[PDB]
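structure-v3.pdb follows; it contains PDB, N, CA and C atoms.
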ATOM      1  N   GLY A   1       0.807  -1.206   0.000
ATOM      2  CA  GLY A   1       0.000   0.000   0.000
ATOM      3  C   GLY A   1       0.842   1.260   0.000
ATOM      4  N   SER A   2       1.208   1.725  -1.190
ATOM      5  CA  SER A   2       2.024   2.927  -1.324
ATOM      6  C   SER A   2       1.325   4.130  -0.698
ATOM      7  N   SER A   3       1.914   4.659   0.371
ATOM      8  CA  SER A   3       1.346   5.809   1.065
ATOM      9  C   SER A   3       1.807   7.113   0.421
ATOM     10  N   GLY A   4       1.116   7.518  -0.640
ATOM     11  CA  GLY A   4       1.467   8.745  -1.331
ATOM     12  C   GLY A   4       0.362   9.230  -2.249
ATOM     13  N   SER A   5       0.407  10.512  -2.600
ATOM     14  CA  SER A   5      -0.600  11.101  -3.474
ATOM     15  C   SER A   5      -0.016  11.402  -4.851
ATOM     16  N   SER A   6      -0.845  11.265  -5.881
ATOM     17  CA  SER A   6      -0.411  11.519  -7.250
ATOM     18  C   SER A   6      -1.221  12.650  -7.876
ATOM     19  N   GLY A   7      -1.713  13.554  -7.034
ATOM     20  CA  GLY A   7      -2.499  14.672  -7.523
ATOM     21  C   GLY A   7      -2.053  15.995  -6.933
ATOM     22  N   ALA A   8      -0.766  16.099  -6.621
ATOM     23  CA  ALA A   8      -0.214  17.320  -6.047
ATOM     24  C   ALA A   8      -0.155  18.436  -7.085
ATOM     25  N   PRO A   9      -0.111  19.688  -6.608
ATOM     26  CA  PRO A   9      -0.052  20.867  -7.478
ATOM     27  C   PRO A   9       1.288  20.989  -8.195
ATOM     28  N   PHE A  10       1.290  21.702  -9.318
ATOM     29  CA  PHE A  10       2.506  21.895 -10.098
ATOM     30  C   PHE A  10       2.375  23.107 -11.016
ATOM     31  N   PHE A  11       3.504  23.745 -11.308
ATOM     32  CA  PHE A  11       3.517  24.920 -12.172
ATOM     33  C   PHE A  11       3.755  24.521 -13.626
ATOM     34  N   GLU A  12       2.709  24.622 -14.441
ATOM     35  CA  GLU A  12       2.804  24.271 -15.852
ATOM     36  C   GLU A  12       3.667  25.279 -16.607
ATOM     37  N   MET A  13       3.530  26.551 -16.247
ATOM     38  CA  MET A  13       4.298  27.612 -16.889
ATOM     39  C   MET A  13       5.027  28.460 -15.852
ATOM     40  N   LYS A  14       6.276  28.099 -15.573
ATOM     41  CA  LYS A  14       7.083  28.826 -14.601
ATOM     42  C   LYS A  14       7.087  30.321 -14.905
ATOM     43  N   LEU A  15       6.952  31.133 -13.864
ATOM     44  CA  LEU A  15       6.942  32.583 -14.020
ATOM     45  C   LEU A  15       8.096  33.044 -14.904
ATOM     46  N   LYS A  16       7.763  33.577 -16.074
ATOM     47  CA  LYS A  16       8.770  34.060 -17.011
ATOM     48  C   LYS A  16       9.383  35.369 -16.525
ATOM     49  N   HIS A  17      10.557  35.699 -17.052
ATOM     50  CA  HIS A  17      11.248  36.926 -16.672
ATOM     51  C   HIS A  17      11.109  37.987 -17.759
ATOM     52  N   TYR A  18      10.710  39.189 -17.359
ATOM     53  CA  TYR A  18      10.536  40.289 -18.300
ATOM     54  C   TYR A  18      11.329  41.515 -17.859
ATOM     55  N   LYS A  19      11.936  42.198 -18.824
ATOM     56  CA  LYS A  19      12.724  43.390 -18.539
ATOM     57  C   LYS A  19      12.058  44.635 -19.117
ATOM     58  N   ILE A  20      11.807  45.618 -18.261
ATOM     59  CA  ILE A  20      11.176  46.861 -18.687
ATOM     60  C   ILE A  20      11.767  48.059 -17.953
ATOM     61  N   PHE A  21      11.275  49.249 -18.279
ATOM     62  CA  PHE A  21      11.753  50.474 -17.650
ATOM     63  C   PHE A  21      10.773  50.957 -16.585
ATOM     64  N   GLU A  22      11.160  52.005 -15.865
ATOM     65  CA  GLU A  22      10.317  52.563 -14.814
ATOM     66  C   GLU A  22       9.068  53.211 -15.406
ATOM     67  N   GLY A  23       7.907  52.838 -14.877
ATOM     68  CA  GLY A  23       6.657  53.392 -15.365
ATOM     69  C   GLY A  23       5.928  52.444 -16.296
ATOM     70  N   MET A  24       6.688  51.684 -17.078
ATOM     71  CA  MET A  24       6.106  50.732 -18.018
ATOM     72  C   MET A  24       5.367  49.621 -17.278
ATOM     73  N   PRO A  25       4.207  49.219 -17.819
ATOM     74  CA  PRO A  25       3.382  48.162 -17.226
ATOM     75  C   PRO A  25       4.029  46.785 -17.347
ATOM     76  N   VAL A  26       3.572  45.848 -16.523
ATOM     77  CA  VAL A  26       4.105  44.491 -16.539
ATOM     78  C   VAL A  26       2.991  43.461 -16.389
ATOM     79  N   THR A  27       3.232  42.258 -16.900
ATOM     80  CA  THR A  27       2.249  41.185 -16.824
ATOM     81  C   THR A  27       2.910  39.858 -16.469
ATOM     82  N   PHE A  28       2.378  39.191 -15.449
ATOM     83  CA  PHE A  28       2.918  37.910 -15.010
ATOM     84  C   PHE A  28       1.849  36.821 -15.068
ATOM     85  N   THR A  29       1.964  35.943 -16.059
ATOM     86  CA  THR A  29       1.008  34.855 -16.228
ATOM     87  C   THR A  29       1.614  33.520 -15.810
ATOM     88  N   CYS A  30       0.809  32.687 -15.161
ATOM     89  CA  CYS A  30       1.266  31.379 -14.706
ATOM     90  C   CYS A  30       0.092  30.420 -14.536
ATOM     91  N   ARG A  31       0.331  29.144 -14.818
ATOM     92  CA  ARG A  31      -0.708  28.128 -14.699
ATOM     93  C   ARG A  31      -0.405  27.174 -13.547
ATOM     94  N   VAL A  32      -1.237  27.223 -12.511
ATOM     95  CA  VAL A  32      -1.058  26.363 -11.347
ATOM     96  C   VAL A  32      -1.912  25.105 -11.457
ATOM     97  N   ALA A  33      -1.351  23.976 -11.037
ATOM     98  CA  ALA A  33      -2.062  22.705 -11.086
ATOM     99  C   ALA A  33      -2.435  22.230  -9.686
ATOM    100  N   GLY A  34      -3.160  21.117  -9.617
ATOM    101  CA  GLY A  34      -3.570  20.577  -8.333
ATOM    102  C   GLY A  34      -4.997  20.945  -7.980
ATOM    103  N   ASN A  35      -5.721  20.000  -7.390
ATOM    104  CA  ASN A  35      -7.109  20.229  -7.002
ATOM    105  C   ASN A  35      -7.377  19.694  -5.599
ATOM    106  N   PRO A  36      -8.429  20.223  -4.955
ATOM    107  CA  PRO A  36      -9.282  21.256  -5.549
ATOM    108  C   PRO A  36      -8.565  22.596  -5.681
ATOM    109  N   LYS A  37      -9.194  23.531  -6.383
ATOM    110  CA  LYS A  37      -8.617  24.855  -6.583
ATOM    111  C   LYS A  37      -7.836  25.300  -5.350
ATOM    112  N   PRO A  38      -6.508  25.118  -5.393
ATOM    113  CA  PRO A  38      -5.621  25.495  -4.289
ATOM    114  C   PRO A  38      -5.506  27.007  -4.128
ATOM    115  N   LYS A  39      -5.182  27.446  -2.916
ATOM    116  CA  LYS A  39      -5.039  28.869  -2.629
ATOM    117  C   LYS A  39      -3.788  29.434  -3.293
ATOM    118  N   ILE A  40      -3.823  30.723  -3.610
ATOM    119  CA  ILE A  40      -2.690  31.384  -4.246
ATOM    120  C   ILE A  40      -2.287  32.641  -3.483
ATOM    121  N   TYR A  41      -0.998  32.757  -3.183
ATOM    122  CA  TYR A  41      -0.484  33.911  -2.455
ATOM    123  C   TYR A  41       0.701  34.534  -3.187
ATOM    124  N   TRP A  42       0.656  35.850  -3.359
ATOM    125  CA  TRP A  42       1.726  36.568  -4.043
ATOM    126  C   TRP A  42       2.614  37.303  -3.043
ATOM    127  N   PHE A  43       3.913  37.030  -3.100
ATOM    128  CA  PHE A  43       4.867  37.665  -2.199
ATOM    129  C   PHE A  43       5.932  38.426  -2.984
ATOM    130  N   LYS A  44       6.225  39.645  -2.544
ATOM    131  CA  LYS A  44       7.224  40.477  -3.202
ATOM    132  C   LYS A  44       8.223  41.031  -2.191
ATOM    133  N   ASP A  45       9.507  40.925  -2.515
ATOM    134  CA  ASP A  45      10.560  41.418  -1.636
ATOM    135  C   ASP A  45      10.176  41.235  -0.171
ATOM    136  N   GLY A  46       9.728  40.031   0.173
ATOM    137  CA  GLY A  46       9.333  39.749   1.540
ATOM    138  C   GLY A  46       8.168  40.604   1.996
ATOM    139  N   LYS A  47       7.120  40.657   1.180
ATOM    140  CA  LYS A  47       5.937  41.445   1.503
ATOM    141  C   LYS A  47       4.671  40.752   1.011
ATOM    142  N   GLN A  48       3.536  41.112   1.602
ATOM    143  CA  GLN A  48       2.256  40.525   1.221
ATOM    144  C   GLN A  48       1.479  41.462   0.303
ATOM    145  N   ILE A  49       0.831  40.888  -0.706
ATOM    146  CA  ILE A  49       0.051  41.672  -1.656
ATOM    147  C   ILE A  49      -1.443  41.437  -1.464
ATOM    148  N   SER A  50      -2.224  42.508  -1.579
ATOM    149  CA  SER A  50      -3.671  42.420  -1.416
ATOM    150  C   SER A  50      -4.350  42.124  -2.750
ATOM    151  N   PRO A  51      -5.450  41.359  -2.696
ATOM    152  CA  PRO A  51      -6.214  40.986  -3.890
ATOM    153  C   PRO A  51      -6.952  42.174  -4.500
ATOM    154  N   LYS A  52      -7.568  42.984  -3.646
ATOM    155  CA  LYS A  52      -8.306  44.157  -4.098
ATOM    156  C   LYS A  52      -7.412  45.393  -4.110
ATOM    157  N   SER A  53      -6.140  45.193  -4.438
ATOM    158  CA  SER A  53      -5.181  46.290  -4.485
ATOM    159  C   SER A  53      -5.342  47.098  -5.769
ATOM    160  N   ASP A  54      -5.072  48.395  -5.682
ATOM    161  CA  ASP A  54      -5.185  49.279  -6.838
ATOM    162  C   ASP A  54      -3.950  49.172  -7.726
ATOM    163  N   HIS A  55      -2.779  49.377  -7.131
ATOM    164  CA  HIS A  55      -1.523  49.304  -7.869
ATOM    165  C   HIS A  55      -1.439  48.011  -8.674
ATOM    166  N   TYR A  56      -1.633  46.884  -7.997
ATOM    167  CA  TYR A  56      -1.577  45.582  -8.649
ATOM    168  C   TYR A  56      -2.977  45.088  -9.002
ATOM    169  N   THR A  57      -3.051  44.188  -9.977
ATOM    170  CA  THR A  57      -4.329  43.636 -10.412
ATOM    171  C   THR A  57      -4.244  42.124 -10.582
ATOM    172  N   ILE A  58      -4.862  41.393  -9.660
ATOM    173  CA  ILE A  58      -4.858  39.937  -9.711
ATOM    174  C   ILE A  58      -6.153  39.403 -10.315
ATOM    175  N   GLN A  59      -6.027  38.664 -11.412
ATOM    176  CA  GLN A  59      -7.187  38.094 -12.086
ATOM    177  C   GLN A  59      -6.928  36.646 -12.487
ATOM    178  N   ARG A  60      -7.852  35.761 -12.124
ATOM    179  CA  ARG A  60      -7.722  34.346 -12.445
ATOM    180  C   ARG A  60      -8.820  33.903 -13.406
ATOM    181  N   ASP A  61      -8.454  33.063 -14.368
ATOM    182  CA  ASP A  61      -9.407  32.563 -15.351
ATOM    183  C   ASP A  61     -10.226  31.411 -14.777
ATOM    184  N   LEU A  62     -11.240  30.984 -15.523
ATOM    185  CA  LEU A  62     -12.101  29.889 -15.088
ATOM    186  C   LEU A  62     -11.295  28.611 -14.881
ATOM    187  N   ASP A  63     -10.290  28.409 -15.727
ATOM    188  CA  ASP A  63      -9.440  27.228 -15.636
ATOM    189  C   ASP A  63      -8.534  27.303 -14.411
ATOM    190  N   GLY A  64      -8.295  28.520 -13.931
ATOM    191  CA  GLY A  64      -7.446  28.706 -12.770
ATOM    192  C   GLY A  64      -6.073  29.236 -13.133
ATOM    193  N   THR A  65      -6.034  30.184 -14.064
ATOM    194  CA  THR A  65      -4.775  30.773 -14.503
ATOM    195  C   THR A  65      -4.572  32.155 -13.894
ATOM    196  N   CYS A  66      -3.736  32.225 -12.864
ATOM    197  CA  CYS A  66      -3.455  33.488 -12.192
ATOM    198  C   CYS A  66      -2.690  34.434 -13.111
ATOM    199  N   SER A  67      -3.033  35.717 -13.051
ATOM    200  CA  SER A  67      -2.382  36.723 -13.882
ATOM    201  C   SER A  67      -2.252  38.046 -13.132
ATOM    202  N   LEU A  68      -1.017  38.415 -12.808
ATOM    203  CA  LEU A  68      -0.754  39.656 -12.090
ATOM    204  C   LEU A  68      -0.368  40.772 -13.055
ATOM    205  N   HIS A  69      -1.089  41.886 -12.982
ATOM    206  CA  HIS A  69      -0.821  43.029 -13.849
ATOM    207  C   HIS A  69      -0.409  44.248 -13.029
ATOM    208  N   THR A  70       0.343  45.149 -13.653
ATOM    209  CA  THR A  70       0.805  46.357 -12.981
ATOM    210  C   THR A  70       0.762  47.558 -13.919
ATOM    211  N   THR A  71      -0.177  48.466 -13.668
ATOM    212  CA  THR A  71      -0.323  49.660 -14.490
ATOM    213  C   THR A  71       0.888  50.575 -14.352
ATOM    214  N   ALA A  72       1.565  50.485 -13.212
ATOM    215  CA  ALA A  72       2.744  51.303 -12.957
ATOM    216  C   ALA A  72       3.788  50.529 -12.161
ATOM    217  N   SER A  73       4.986  50.406 -12.724
ATOM    218  CA  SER A  73       6.069  49.685 -12.067
ATOM    219  C   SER A  73       7.210  50.631 -11.703
ATOM    220  N   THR A  74       7.693  50.519 -10.469
ATOM    221  CA  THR A  74       8.781  51.364  -9.996
ATOM    222  C   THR A  74       9.982  50.527  -9.569
ATOM    223  N   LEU A  75      11.102  51.194  -9.313
ATOM    224  CA  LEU A  75      12.321  50.511  -8.895
ATOM    225  C   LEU A  75      12.052  49.598  -7.704
ATOM    226  N   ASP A  76      11.280  50.096  -6.745
ATOM    227  CA  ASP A  76      10.944  49.324  -5.555
ATOM    228  C   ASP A  76      10.247  48.020  -5.931
ATOM    229  N   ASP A  77       9.265  48.116  -6.820
ATOM    230  CA  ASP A  77       8.519  46.943  -7.265
ATOM    231  C   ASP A  77       9.463  45.790  -7.590
ATOM    232  N   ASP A  78      10.595  46.114  -8.205
ATOM    233  CA  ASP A  78      11.583  45.106  -8.571
ATOM    234  C   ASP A  78      11.860  44.167  -7.402
ATOM    235  N   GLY A  79      12.459  43.019  -7.700
ATOM    236  CA  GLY A  79      12.769  42.052  -6.663
ATOM    237  C   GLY A  79      12.499  40.626  -7.101
ATOM    238  N   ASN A  80      11.897  39.840  -6.214
ATOM    239  CA  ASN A  80      11.585  38.448  -6.513
ATOM    240  C   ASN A  80      10.161  38.105  -6.083
ATOM    241  N   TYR A  81       9.249  38.076  -7.048
ATOM    242  CA  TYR A  81       7.852  37.763  -6.770
ATOM    243  C   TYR A  81       7.651  36.258  -6.616
ATOM    244  N   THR A  82       7.499  35.812  -5.374
ATOM    245  CA  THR A  82       7.300  34.397  -5.090
ATOM    246  C   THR A  82       5.825  34.082  -4.869
ATOM    247  N   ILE A  83       5.346  33.025  -5.515
ATOM    248  CA  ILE A  83       3.953  32.617  -5.387
ATOM    249  C   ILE A  83       3.841  31.211  -4.808
ATOM    250  N   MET A  84       3.291  31.115  -3.603
ATOM    251  CA  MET A  84       3.122  29.826  -2.941
ATOM    252  C   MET A  84       1.672  29.359  -3.019
ATOM    253  N   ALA A  85       1.481  28.099  -3.394
ATOM    254  CA  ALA A  85       0.144  27.530  -3.507
ATOM    255  C   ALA A  85      -0.067  26.418  -2.483
ATOM    256  N   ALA A  86      -1.279  26.343  -1.941
ATOM    257  CA  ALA A  86      -1.610  25.325  -0.951
ATOM    258  C   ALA A  86      -2.585  24.301  -1.521
ATOM    259  N   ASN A  87      -2.276  23.023  -1.327
ATOM    260  CA  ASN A  87      -3.126  21.947  -1.824
ATOM    261  C   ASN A  87      -3.118  20.761  -0.865
ATOM    262  N   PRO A  88      -4.282  20.114  -0.715
ATOM    263  CA  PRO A  88      -4.437  18.954   0.169
ATOM    264  C   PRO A  88      -3.708  17.723  -0.358
ATOM    265  N   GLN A  89      -2.980  17.897  -1.457
ATOM    266  CA  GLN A  89      -2.235  16.799  -2.060
ATOM    267  C   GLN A  89      -0.762  17.160  -2.214
ATOM    268  N   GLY A  90      -0.426  18.406  -1.897
ATOM    269  CA  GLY A  90       0.949  18.856  -2.007
ATOM    270  C   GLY A  90       1.060  20.366  -2.093
ATOM    271  N   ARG A  91       2.234  20.891  -1.759
ATOM    272  CA  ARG A  91       2.467  22.330  -1.798
ATOM    273  C   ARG A  91       3.734  22.655  -2.583
ATOM    274  N   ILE A  92       3.616  23.581  -3.529
ATOM    275  CA  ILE A  92       4.752  23.982  -4.350
ATOM    276  C   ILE A  92       5.016  25.479  -4.228
ATOM    277  N   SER A  93       6.186  25.908  -4.690
ATOM    278  CA  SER A  93       6.562  27.316  -4.632
ATOM    279  C   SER A  93       7.453  27.690  -5.812
ATOM    280  N   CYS A  94       7.512  28.982  -6.115
ATOM    281  CA  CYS A  94       8.326  29.472  -7.221
ATOM    282  C   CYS A  94       8.449  30.992  -7.174
ATOM    283  N   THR A  95       9.523  31.512  -7.762
ATOM    284  CA  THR A  95       9.760  32.950  -7.786
ATOM    285  C   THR A  95      10.301  33.395  -9.139
ATOM    286  N   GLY A  96      10.301  34.705  -9.370
ATOM    287  CA  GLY A  96      10.795  35.237 -10.626
ATOM    288  C   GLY A  96      11.683  36.451 -10.432
ATOM    289  N   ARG A  97      12.320  36.894 -11.511
ATOM    290  CA  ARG A  97      13.206  38.051 -11.453
ATOM    291  C   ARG A  97      12.708  39.162 -12.373
ATOM    292  N   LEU A  98      12.799  40.400 -11.900
ATOM    293  CA  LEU A  98      12.358  41.551 -12.679
ATOM    294  C   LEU A  98      13.493  42.553 -12.860
ATOM    295  N   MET A  99      13.450  43.297 -13.961
ATOM    296  CA  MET A  99      14.474  44.295 -14.249
ATOM    297  C   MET A  99      13.841  45.637 -14.600
ATOM    298  N   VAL A 100      13.931  46.590 -13.678
ATOM    299  CA  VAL A 100      13.368  47.917 -13.890
ATOM    300  C   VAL A 100      14.462  48.977 -13.936
ATOM    301  N   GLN A 101      14.446  49.791 -14.988
ATOM    302  CA  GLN A 101      15.438  50.847 -15.150
ATOM    303  C   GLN A 101      14.809  52.221 -14.944
ATOM    304  N   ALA A 102      15.478  53.060 -14.161
ATOM    305  CA  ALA A 102      14.985  54.404 -13.884
ATOM    306  C   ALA A 102      14.974  55.256 -15.149
ATOM    307  N   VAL A 103      13.777  55.563 -15.640
ATOM    308  CA  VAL A 103      13.628  56.371 -16.844
ATOM    309  C   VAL A 103      12.991  57.719 -16.526
ATOM    310  N   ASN A 104      12.454  57.842 -15.317
ATOM    311  CA  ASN A 104      11.813  59.081 -14.889
ATOM    312  C   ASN A 104      12.147  59.390 -13.433
ATOM    313  N   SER A 105      12.144  60.674 -13.090
ATOM    314  CA  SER A 105      12.449  61.103 -11.730
ATOM    315  C   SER A 105      11.183  61.545 -11.002
ATOM    316  N   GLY A 106      11.114  61.241  -9.710
ATOM    317  CA  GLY A 106       9.953  61.613  -8.921
ATOM    318  C   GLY A 106       9.658  63.098  -8.990
ATOM    319  N   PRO A 107       8.505  63.502  -8.438
ATOM    320  CA  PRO A 107       8.081  64.905  -8.427
ATOM    321  C   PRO A 107       8.938  65.763  -7.502
ATOM    322  N   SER A 108       9.274  65.214  -6.339
ATOM    323  CA  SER A 108      10.089  65.931  -5.363
ATOM    324  C   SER A 108      11.573  65.667  -5.596
ATOM    325  N   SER A 109      12.339  66.740  -5.761
ATOM    326  CA  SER A 109      13.774  66.626  -5.995
ATOM    327  C   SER A 109      14.415  65.681  -4.984
ATOM    328  N   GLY A 110      14.587  64.424  -5.383
ATOM    329  CA  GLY A 110      15.187  63.441  -4.501
ATOM    330  C   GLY A 110      15.209  62.052  -5.108
TER
END
As structure tokens - that is how I would like this structure written.
Amino acid sequence: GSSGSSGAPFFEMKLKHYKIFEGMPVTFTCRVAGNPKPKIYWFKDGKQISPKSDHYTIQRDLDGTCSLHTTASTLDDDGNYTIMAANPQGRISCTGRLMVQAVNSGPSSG
């Protein structure tokens, strides 16, 4: 009696890496596996992101394809966006790298 599960979650499309400048929008698409619909959490530079956030936009398809959008990206935004998923059959994790270049200066001289 093999004590193990064969329905654990998995990342079909590992978070791709995109390079853009400051201010330019960004899009992060990824396909998470595992059922039932496992929970999804977005972490940035050791921080928690809200679902109903204005800056960021989290939208998932009927199939369960998470997609993070950003109307405005800044140097700070850069870092490593790690997404951890929870499943009653297994738990997986993954992160990505971003490249933002300063193309504009803030309003206040600094």
Practice problem: Check what the PyMOL selection byres ((chain A and resi 96-101) around 7) selects in the file above and give those residues as a VMD selection string. | Solution: chain A and resid 15 to 23 74 to 75 78 to 83 94 to 95 102 to 104
Quiz item: Which residue out of A:5, A:108, A:35, A:73 has the minimum interatomic distance to residue 86 of chain A when only N, CA and C atoms are used?
Solution: A:35
Quiz item: So how many Å separate atom N of residue 1 of chain A and atom CA of residue 33 of chain A, to one decimal?
Solution: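 Atom N of residue 1 of chain A sits 26.5 Å away from atom CA of residue 33 of chain A.
Nearest to residue 37 of chain A of all the residues A:71, A:59, A:50, A:87 is A:87, counting only N, CA and C atoms.
Residue nearest residue 61 of chain A within the list A:45, A:2, A:29, A:76: A:29 [criterion: smallest interatomic distance, only C-alpha atoms].
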Exercise. Could you tell me which residues the PyMOL selection byres ((chain A and resi 63-65) around 6.5) grabs in this file, written as a ChimeraX atom specification?
Key: /A:30-32,59-62,66-67
Working from the structure I just supplied, which lacks atoms in segment 68-80 of chain A, can you model N, CA, C and O atoms there and output them as a PDB file, in the coordinates of the input?
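Dumped everything to result-v5.pdb:
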ATOM      1  N   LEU A  68      -1.017  38.415 -12.808  1.00  0.00           N
ATOM      2  CA  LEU A  68      -0.754  39.656 -12.090  1.00  0.00           C
ATOM      3  C   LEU A  68      -0.368  40.772 -13.055  1.00  0.00           C
ATOM      4  O   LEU A  68       0.564  40.628 -13.848  1.00  0.00           O
ATOM      5  N   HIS A  69      -1.089  41.886 -12.982  1.00  0.00           N
ATOM      6  CA  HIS A  69      -0.821  43.029 -13.849  1.00  0.00           C
ATOM      7  C   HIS A  69      -0.409  44.248 -13.029  1.00  0.00           C
ATOM      8  O   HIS A  69      -0.763  44.369 -11.855  1.00  0.00           O
ATOM      9  N   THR A  70       0.343  45.149 -13.653  1.00  0.00           N
ATOM     10  CA  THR A  70       0.805  46.357 -12.981  1.00  0.00           C
ATOM     11  C   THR A  70       0.762  47.558 -13.919  1.00  0.00           C
ATOM     12  O   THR A  70       1.563  47.662 -14.848  1.00  0.00           O
ATOM     13  N   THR A  71      -0.177  48.466 -13.668  1.00  0.00           N
ATOM     14  CA  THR A  71      -0.323  49.660 -14.490  1.00  0.00           C
ATOM     15  C   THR A  71       0.888  50.575 -14.352  1.00  0.00           C
ATOM     16  O   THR A  71       1.202  51.345 -15.260  1.00  0.00           O
ATOM     17  N   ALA A  72       1.565  50.485 -13.212  1.00  0.00           N
ATOM     18  CA  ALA A  72       2.744  51.303 -12.957  1.00  0.00           C
ATOM     19  C   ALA A  72       3.788  50.529 -12.161  1.00  0.00           C
ATOM     20  O   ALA A  72       3.514  50.052 -11.060  1.00  0.00           O
ATOM     21  N   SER A  73       4.986  50.406 -12.724  1.00  0.00           N
ATOM     22  CA  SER A  73       6.069  49.685 -12.067  1.00  0.00           C
ATOM     23  C   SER A  73       7.210  50.631 -11.703  1.00  0.00           C
ATOM     24  O   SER A  73       7.642  51.445 -12.520  1.00  0.00           O
ATOM     25  N   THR A  74       7.693  50.519 -10.469  1.00  0.00           N
ATOM     26  CA  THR A  74       8.781  51.364  -9.996  1.00  0.00           C
ATOM     27  C   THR A  74       9.982  50.527  -9.569  1.00  0.00           C
ATOM     28  O   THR A  74       9.895  49.302  -9.473  1.00  0.00           O
ATOM     29  N   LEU A  75      11.102  51.194  -9.313  1.00  0.00           N
ATOM     30  CA  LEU A  75      12.321  50.511  -8.895  1.00  0.00           C
ATOM     31  C   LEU A  75      12.052  49.598  -7.704  1.00  0.00           C
ATOM     32  O   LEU A  75      12.533  48.465  -7.656  1.00  0.00           O
ATOM     33  N   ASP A  76      11.280  50.096  -6.745  1.00  0.00           N
ATOM     34  CA  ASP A  76      10.944  49.324  -5.555  1.00  0.00           C
ATOM     35  C   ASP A  76      10.247  48.020  -5.931  1.00  0.00           C
ATOM     36  O   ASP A  76      10.593  46.951  -5.426  1.00  0.00           O
ATOM     37  N   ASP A  77       9.265  48.116  -6.820  1.00  0.00           N
ATOM     38  CA  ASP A  77       8.519  46.943  -7.265  1.00  0.00           C
ATOM     39  C   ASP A  77       9.463  45.790  -7.590  1.00  0.00           C
ATOM     40  O   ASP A  77       9.170  44.632  -7.292  1.00  0.00           O
ATOM     41  N   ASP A  78      10.595  46.114  -8.205  1.00  0.00           N
ATOM     42  CA  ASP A  78      11.583  45.106  -8.571  1.00  0.00           C
ATOM     43  C   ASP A  78      11.860  44.167  -7.402  1.00  0.00           C
ATOM     44  O   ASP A  78      11.538  44.476  -6.255  1.00  0.00           O
ATOM     45  N   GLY A  79      12.459  43.019  -7.700  1.00  0.00           N
ATOM     46  CA  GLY A  79      12.769  42.052  -6.663  1.00  0.00           C
ATOM     47  C   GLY A  79      12.499  40.626  -7.101  1.00  0.00           C
ATOM     48  O   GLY A  79      12.830  40.240  -8.221  1.00  0.00           O
ATOM     49  N   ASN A  80      11.897  39.840  -6.214  1.00  0.00           N
ATOM     50  CA  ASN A  80      11.585  38.448  -6.513  1.00  0.00           C
ATOM     51  C   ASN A  80      10.161  38.105  -6.083  1.00  0.00           C
ATOM     52  O   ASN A  80       9.897  37.871  -4.904  1.00  0.00           O
TER      53      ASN A  80
END
